[PDB]
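Here we start with a single chain on its own, the form deposited in one PDB entry, put down as structure tokens.
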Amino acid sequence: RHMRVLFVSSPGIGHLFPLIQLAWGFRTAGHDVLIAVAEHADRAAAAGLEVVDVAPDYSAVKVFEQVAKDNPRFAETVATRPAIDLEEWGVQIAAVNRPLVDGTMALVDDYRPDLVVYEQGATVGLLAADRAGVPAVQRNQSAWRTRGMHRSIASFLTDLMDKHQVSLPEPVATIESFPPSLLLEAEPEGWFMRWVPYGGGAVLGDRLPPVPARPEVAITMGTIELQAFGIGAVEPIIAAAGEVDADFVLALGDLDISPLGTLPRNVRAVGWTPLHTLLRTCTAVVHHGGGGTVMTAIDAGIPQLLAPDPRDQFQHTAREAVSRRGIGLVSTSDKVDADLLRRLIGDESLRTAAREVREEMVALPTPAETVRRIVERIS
């Protein structure tokens, strides 16, 4: 009954955080839990868990650069359109997974997991499960449909699969990220699960901060877009914000915001803060379209505007749904203006719809319940 469970994540905070509730779900159910990730191992440790860094010195941004340089045709074609069918993006996602393989396979041999839980980007997790000979459970991201994505990714890792004597298995269960209404007409892949936001711990101070008298709007762009494309995209958003009669809080995480210089007087900045803690006191949020941020805004019950850098192809899958369900607005960073921010804060139908989608979401099975379901499925 007592298991060793290995959680496997691609080297991204947006990849890793959606595994944390399940990892604490397994730990509080008495199991041993270990995380495999690269680049962000210290953040995983700051969730109170044990971590092995399966690729020391990894840099996602350097991997991205190497892909573009090495695949100029892909870069000038497929990469000029949104990443929707990830089968087409196998070359890029395989480049991301490749450096994690050797370290993950060694870890599987040493740790001997009974179960692998991996996030949807981490084909290396399926390979790990096959190495150990154990079931794999997939945790989905945003609204991407899996289809043949793992076969396409694996087609570029063939050499490594041969060396480690592994084939690509199918997961025994898949767990959706979004609530049913935000998948539109796309067929669900497995179980729905409530989104319980995780963004790190925090000392809030000597008291619980009160909700401000004036409405505050958060501006956040996740953990990879501005790192990969530069901080420039947030400038037109901040300029538009300075023209709006509302207060704004800029939350770009560990990103150095020095290049922005002096912010408008109605815009304040914070360093890394768990997003749900920030949003507890906000009226709306402007962001890039990251799935974790979309879901955390829904947990807060607030309208959202998705305005990524126009070059970023990985923020597309929530956009149609945010639109069609009326819980927010969609644009691009360079097209944000004061009128659009006023719509975000003023259109009551957006807030009504957000609250309705939140009600749907918070009734879904919890991570604790989902741990029980997984254990039943594999027993």
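Between two forms, the rigid core is the largest collection of C-alphas that superpose within 1.5 Å. From 1 onward, residues are counted along the sequence shown.
Note that the form deposited in another entry isn't included here; everything after this is about it.
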So which one of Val137, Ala143, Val108, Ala233 actually moves, Cα shift of 2 Å or more between this form and the one not shown once the core is superposed?
-> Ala233
Flag for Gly200, CA shift 2 Å or larger between this form and the one not shown after aligning core = no
Shift of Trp89 between this form and the one not shown at or above 2 Å (CA, core fit) | no
Core-aligned, does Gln66 move its Cα 2 Å or more between this form and the one not shown?
-> yes
Are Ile20 and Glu187 closer or farther apart at their Cα atoms in the other entry than shown, with the shift being 3 Å or more?
-> closer
One pair moves by 3 angstroms or more in the other entry: the C-alpha atoms of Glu50 and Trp272, which are farther
